[PDB]
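Visitor: Structure incoming, see below.
Just so it is clear, none of the values below were taken in a lab; they were calculated from the coordinates. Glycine gets a Cβ as well: all are built from the backbone with ideal geometry, and neighbour counts include every protein chain shown.
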4 protein chains.
Amino acid sequence: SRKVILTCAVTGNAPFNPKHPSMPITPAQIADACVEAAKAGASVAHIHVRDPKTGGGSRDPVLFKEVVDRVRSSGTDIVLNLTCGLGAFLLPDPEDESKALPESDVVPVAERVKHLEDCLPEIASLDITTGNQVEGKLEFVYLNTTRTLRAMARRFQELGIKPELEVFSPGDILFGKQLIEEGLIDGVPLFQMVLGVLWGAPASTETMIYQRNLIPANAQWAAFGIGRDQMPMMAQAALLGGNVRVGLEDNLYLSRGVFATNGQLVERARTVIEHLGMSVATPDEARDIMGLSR
Amino acid sequence: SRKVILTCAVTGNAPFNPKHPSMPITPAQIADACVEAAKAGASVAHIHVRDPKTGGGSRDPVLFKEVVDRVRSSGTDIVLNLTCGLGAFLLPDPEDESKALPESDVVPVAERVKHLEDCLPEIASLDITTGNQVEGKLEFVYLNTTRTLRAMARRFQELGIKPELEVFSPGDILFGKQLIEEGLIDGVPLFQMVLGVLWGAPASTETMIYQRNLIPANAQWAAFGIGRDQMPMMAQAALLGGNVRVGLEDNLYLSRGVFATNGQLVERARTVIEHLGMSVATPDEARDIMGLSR
Amino acid sequence: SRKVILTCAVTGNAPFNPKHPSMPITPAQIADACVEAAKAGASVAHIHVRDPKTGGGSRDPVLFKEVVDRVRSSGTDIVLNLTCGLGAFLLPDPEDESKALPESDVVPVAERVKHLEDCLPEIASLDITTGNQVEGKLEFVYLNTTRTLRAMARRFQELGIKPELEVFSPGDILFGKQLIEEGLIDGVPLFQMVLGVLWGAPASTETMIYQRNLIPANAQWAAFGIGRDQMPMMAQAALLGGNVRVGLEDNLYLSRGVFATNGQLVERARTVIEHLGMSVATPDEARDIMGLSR
Amino acid sequence: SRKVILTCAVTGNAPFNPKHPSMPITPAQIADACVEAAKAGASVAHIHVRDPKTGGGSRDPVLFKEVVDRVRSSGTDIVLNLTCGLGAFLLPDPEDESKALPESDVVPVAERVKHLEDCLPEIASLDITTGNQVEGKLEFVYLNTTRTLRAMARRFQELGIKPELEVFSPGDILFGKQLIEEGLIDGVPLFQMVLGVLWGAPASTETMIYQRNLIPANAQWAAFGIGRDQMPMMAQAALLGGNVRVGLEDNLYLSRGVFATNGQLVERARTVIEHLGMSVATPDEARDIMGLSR
Ligand code: NI
Ligand code: NI
Ligand code: NI
Ligand code: NI
């Protein structure tokens, strides 16, 4: 019985759908969601913050600090994974694509890592890719130069934070391996396949097997899907020796037309994993697997 | 005996290595190389132009026109495939990555397609990707927004030119399929996998099989590799029902320490294809396969 | 939400382990187990009979008839799948392997199909293979000549019984396809991969994907595993578009050191399928999928 | 540049087609064919003998001895691989399949290995399978019990002969691995996939990749095909890190309607291997790769 690491991505930064009656928006709600996920058996909480007003995207370090302070004082333990995918948002000017439209948010390393400096989570997410992306109807470019990624990786090492290397393609996996080569990735490397995001690798078993075989043998890997692909990709990862992820960041629905809580999503995934003869890693078990000190 | 389409990529725009004693630099040399490839059995010639002085990169429409005029008046027929990968070259300013360094060459659609308007080749190459790339020691970003790609595709349709959709990932293949969906790709779609370029999909059999299975059934596909992977990837594509590509654009060497001509590379590939029980499409046969009018 | 056909293999003919306190031995117990499986949501019951005394192997048509009569009069409906793997049991004489030891049970078609004639189930299992096999510590040869298989297939057609073509290798799948070619397989063909039996194809995702791709597009397929592989292979089949099988024939344990009932195994599989966004076919739904008349 | 081991299977025991004007029939012709293959660059010769009259199947040890004596005294070196697939030929009596028809040739270990005792080749072929087989229009059963295979393996060890473990399925590969487990396979294990024989694994890239991944990492492996699949499977094996096989045993034709010599087949394969950037192992190089003493 392998112990499967389960991460709950509690809110994300995709647009708030106010028909969802319990979407975590405020830092208190987001912390509450981490605790709820923990109590349902989650190993790790993946955390974004939202504009506490509008439910819109935010990268305010003050908000991150409040979330971490709340979870840490909750009386419930869970490994914290803070998003660091922020500040890579490029909108080329159609009149001259050499130029970034003002709504772009492409910011330097020092600013990108400010929240990490303040909060010191065990893990932070790093999207090790540049590419054409889509969020809903919104088309943009994710701009993470290998130069910037190298600098980020180095900062994480310095801060004692383990990156979760988020990959959208085999090419991305190769670059992750290059980071490792270059001495920029400490201990047990962590890779996660983002599946079914446009214009990245699709959510299929074939994709998962192919990409898995490119990942270093000494690394831990995970894979996840979005919406209706969330549960299938979770089971498929478990079956292939990977770790897993669920949460409202990736899927709002328990079933067709029925909104989920984070806890419910965790409970469902846990049930599947157990029924398949495995179990879900406690936070401390996950730390041990990942070589994180207790 | 399937007829395999063989494209010879005669020069490219990678830096000129002057130890190579017959590198095609001038339009006359480049045309001569197309003819040499044709005579050796190539179906298609993939053409770049170089600064006739320096052997450096160029996208001068005047040079393209001279090459096409020369090949067309040579007395030898071959399908022409002009590069249109040009003008997507982004070098983010390290001091502010929202800004493009002056050495960047990111130009509008109308300028990108000028040479195509003048030369009217049967085929032109379109790199349907945005990503972190490497050429030698040089790291940069290829910036081809889906917006720009849609506009390009439309221009090709208008001009009666078939795009060769160059893909570096499964995600890229998905976007190609989206173009088809959107009515932006006429007739028989053409896909080609670029393998072993950093930070794209690697040159492996597994990569080729996986990506092939994402390509539409009604499409023609090719795959190629670079350097020592050129001949292996050619054979592997032939074996899997794909078309093939060789040439000095991709590999300078016939063998270890021995420089090749384009003709020699074509001859080698042709020999392999024939020995495997297949044959190399004549230009007219390739036109028929691709649904190009004669 | 695909409707997944779930077959419960209620007892089998592997040696009775009397530590299992509810193993179905008598025809009444075996019928009871079919009904229990149905009530838990099973689409189909796969039935063997046992020597009602000893719990040993049997192919007594009288026992088969009692089971079918009981299930059919139970007030609960389920599609019946009777084993017809019987009478192919060869034990070569070590002193002269051209000769069959007396303990062998290799019998003619007419005798093999007697129970089918009497019971007229909708489905019967046909092991379309000859090979070296292992049951526990017992090594033997399964002897099903293509000649015999052709004759069997023909008898099933005549009797209006759909064969479930049990396959242990890709070669076996090819022969199934040959049967179809030869007009010996009516309507929707049914294939099932037996995984992890020695010396057949192993229980891996890779095996399942590879073999699946050899199965005709118009066919229904299933895959199952033994013991600790039962639940993983069930989930993996569901994920890949196949149908599934559980039951005490294949696995005695709910968990480590804890014996299962057939109902419990069905319930577990059903829960997984539902959690993955699918559902389990009712008997009538399964009939419709398989093109069996109601 | 990997050194690829190339075996030439010079005649086999498939029915003599007398339209082939140079088919090796007599021991002198068969030896001559081994020498011809060697001179063209073959590493190994795979040898059967034929009834010197009729060109029909034979396992006469006297004939084997003459062939080996001739090759060894030829002045040309090549590794010898004698068939030991003989004596496993079962034709079940249709009137009672428990009984072997008189035309069957199922013989004991001691007789099966007589030629090996006399000739002491470096290698001998062992078909580690029982199954339904087809040769032309002839359907039969290959009967090699795991008991017999274990005894054979042991005899080879005693005689200092390396078995080439011939596999038709993944199940067969598993049993090969069991032999290794049991201490019945010395040094470097040798596996070869027989592809496209009915009713075994087909000649596809997918088959080769799948089966390759089941083979132990420390083992040498080969794969071959029949007829029109001979050259494709050779190239595909070379590309995947396997060794290769050609010869008149497997294919009579150089091209459509044109008969080949063994030398021509070797020359063609060698040319392909070299063009792909590899080379063909000399006999001594092949010995070194296989851990055979010189
Ligand atoms: Ni996130
Ligand atoms: Ni180019
Ligand atoms: Ni059964
Ligand atoms: Ni042979």
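Visitor: To the nearest 20 debye, what charge dipole does chain C have about its Cα centre, counting +1 at the Cβ of each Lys and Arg and -1 at the Cβ of each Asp and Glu?
Guide: Values: 28 positive and 36 negative charges, 138 e Å.
Using only the charged Cβ atoms, the result is roughly 660 debye.
Visitor: For peptide A:96-106, how many partner chain Cβ atoms fall within 10 Å of a residue's Cβ, on average?
Guide: Mean partner shielding for this stretch: 5.
Visitor: So what's chain B giving for Cα Rg divided by 2.2 N^0.38 Å, two decimals? Mind dumping the intermediate values first?
Guide: On the way: Rg = 17.8 Å, N = 294, 2.2 N^0.38 = 19.1 Å.
Compactness ratio reported: 0.93.
Visitor: A further question follows. Which residues does a label at B:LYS39 reach in region B:72-106, if reach means a backbone N under 19 Å from a point 7 Å past the Cα toward the Cβ?
Guide: Residues B:72-80 qualify, since their backbone N sits under 19 Å from the label point.
Visitor: Another question, if that's okay. When the scattering of region C:231-275 is computed by the Debye formula from its Cα atoms alone, each counted once and equally, what is log10 I(q)/I(0) at q = 0.14 Å⁻¹?
Guide: With one equal scatterer per Cα and no solvent, log10 I(q)/I(0) is -0.31.
Visitor: With unit charges on the beta carbon (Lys/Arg positive, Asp/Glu negative), name the residue among C:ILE226, C:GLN236, C:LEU214 whose Cα is farthest towards the positive pole of the charge dipole of chain C.
Guide: Going by the Cα projections, it comes out as C:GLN236.
Visitor: Run through the other copies and list how far each one's label point is from that of B:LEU120, in nm with one decimal, shortest first; the point sits 7 Å from Cα along Cα-Cβ.
Guide: 7.1, 7.4, 8.0
Visitor: Report the local net charge at D:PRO170: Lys and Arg +1, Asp and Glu -1, summed over other residues whose C-beta lies under 12 Å from its C-beta.
Guide: Charge balance near D:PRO170 sits at -1.
Visitor: Between B:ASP105 and A:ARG154, what is the label-to-label distance in nm when each label sits 7 Å out along the Cα-to-Cβ direction?
Guide: 3.0
Visitor: Now a separate question. For chain B, what are the DSSP H helices with axial Cα length of 18 Å or more and mean Kyte-Doolittle hydropathy of at least -0.5?
Guide: On the way: long enough: B:27-40 (20 Å, 0.43); B:146-159 (20 Å, -0.75); B:262-275 (20 Å, -0.63).
Flagged H segments are B:27-40.
Visitor: Got a sec? How would C:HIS48, B:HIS46, A:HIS275 order by Cβ neighbour count within 10 Å, fewest to most? Spell out each step's value before the answer.
Guide: Numbers: C:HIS48 24, B:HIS46 29, A:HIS275 18.
Going from least to most buried by this count: A:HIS275, C:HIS48, B:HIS46.
Visitor: So which residue of C has the beta-carbon closest to the axis that swings C onto B, and how many whole Å away?
Guide: In residue-and-Å form, the answer is C:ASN213, 5.
Visitor: Determine the calculated [θ] at 222 nm for chain B from helices alone, applying -39500 (n - 2.57) to every DSSP H run no shorter than 4 residues and normalising by the residue count; nearest 500 deg cm²/dmol. Numbers along the way, then the final one.
Guide: Numbers: 10 runs with 102 residues, N = 294.
Computed mean residue ellipticity for chain B: -10500 deg cm²/dmol.
Visitor: On to the next question. Let me spell out the model: positive unit charges on the Cβ of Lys and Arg, negative unit charges on the Cβ of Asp and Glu, origin at the Cα centre of region B:138-232. What dipole size does that give, in debye rounded to 20?
Guide: Computed about the Cα centre, the dipole is about 140 debye.
Visitor: Evaluate 2.2 N^0.38 Å with N set to the residue count of region A:1-154, then give the Cα radius of gyration divided by it.
Guide: On the way: Rg = 16.5 Å, N = 154, 2.2 N^0.38 = 14.9 Å.
Ratio of Cα Rg to 2.2 N^0.38 Å: 1.10.
Visitor: Under a point-charge model restricted to the Cβ atoms of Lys and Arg (+1) and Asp and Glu (-1), what is the dipole moment magnitude of the protein assembly as shown relative to its Cα centre, in debye to the nearest 20?
Guide: Details: 112 positive and 144 negative charges, 0 e Å.
The dipole magnitude comes to about 0 debye.
Visitor: Using all Cα-Cα distances in region D:33-90, what percent lands in each 5 angstrom bin from 0 up to the longest?
Guide: Here the calculated profile for region D:33-90 is 4, 18, 27, 23, 17, 9, 2, 1.
Visitor: Here's a follow-up. Taking a virtual spin label 7 Å from the Cα of B:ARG2 along the C-beta vector, which residues in region B:188-219 bring their backbone nitrogen under 11 Å of it?
Guide: It comes to no residues whatsoever.
Visitor: Of the DSSP beta bridges with both residues in chain B, give the percent that are antiparallel, rounding to the nearest 5.
Guide: Values: 15 of 45 bridges.
Counting only bridges with both partners in chain B, antiparallel ones make up about 35 percent.
Visitor: Using 20 Å bins from zero, what percent of all Cα-Cα pairs in the protein assembly as shown falls into each bin?
Guide: Calculated over all Cα pairs of the protein assembly as shown, the distribution is 11, 35, 36, 17, 1 percent.
Visitor: Something else now. Between region D:67-113 and region C:145-202, what is the separation of their alpha carbon centroids in Å?
Guide: Value for the Cα centre distance between the two parts: 30 Å.
Visitor: A follow-up question, please. Positive end of the dipole of chain C, charges at C-beta (+1 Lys, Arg; -1 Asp, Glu), about the Cα centre: which of C:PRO121, C:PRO170, C:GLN264 has its Cα farthest in that direction?
Guide: Of the candidates, C:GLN264 comes out farthest on the positive side.
Visitor: Let me ask something else about it. Give the distance, in whole Å, between the Cα centre of region B:233-259 and the Cα centre of region B:273-294.
Guide: 17
Visitor: Tell me, what is the FRET efficiency for B:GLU206 and B:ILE226 to the nearest 0.05, using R0 = 22 angstrom and their Cβ-Cβ distance as r? Walk me through the intermediate numbers first.
Guide: Numbers: r = 18 Å, r/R0 = 0.80.
The value I calculate is 0.80.
Visitor: While we're on this one: Taking chain D, how many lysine pairs are there with alpha carbons less than 30 Å apart, if each pair must be eight or more places apart or span two chains?
Guide: The result is 21.
Visitor: What FRET efficiency comes out for the pair A:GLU95/B:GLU182, r = Cβ-Cβ distance, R0 = 30 Å, nearest 0.05?
Guide: 0.85
Visitor: Starting from a label point 7 Å past Cα on the Cβ side, list the distances from A:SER73 to the same position in the other copies, nm, shortest first.
Guide: Label point to label point, same position, other copies: 7.4, 8.3, 9.8 nm.
Visitor: Once you have all Cα-Cα distances for region B:171-294, histogram them in 5 Å bins from zero and send the whole-percent values.
Guide: 2, 10, 19, 20, 21, 16, 8, 3, 1, 0
Visitor: To continue, here is another question. Taking the convex hull of the Cα atoms, report for region C:114-197 its projected area averaged over all directions, in nm².
Guide: Values: hull surface 23.5 nm².
Seen from a random direction, the Cα hull of region C:114-197 projects 5.9 nm² on average.
Visitor: For region A:77-216, what proportion of DSSP beta bridges, expressed in % and rounded to the nearest 5, is antiparallel?
Guide: Working: 11 of 23 bridges.
Once the DSSP bridges in region A:77-216 are tallied, antiparallel ones form about 50 percent.
Visitor: From the label point of B:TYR253, set 7 Å along Cα to the beta carbon, how far off in nm is each other copy's matching point, shortest first?
Guide: Distances between equivalent label points, in nm: 3.9, 5.5, 5.5.
Visitor: Have a look at the DSSP beta bridges in the protein assembly as shown and tell me what percent are antiparallel, nearest 5.
Guide: Antiparallel bridges make up about 35 percent of those DSSP assigns within the protein assembly as shown.
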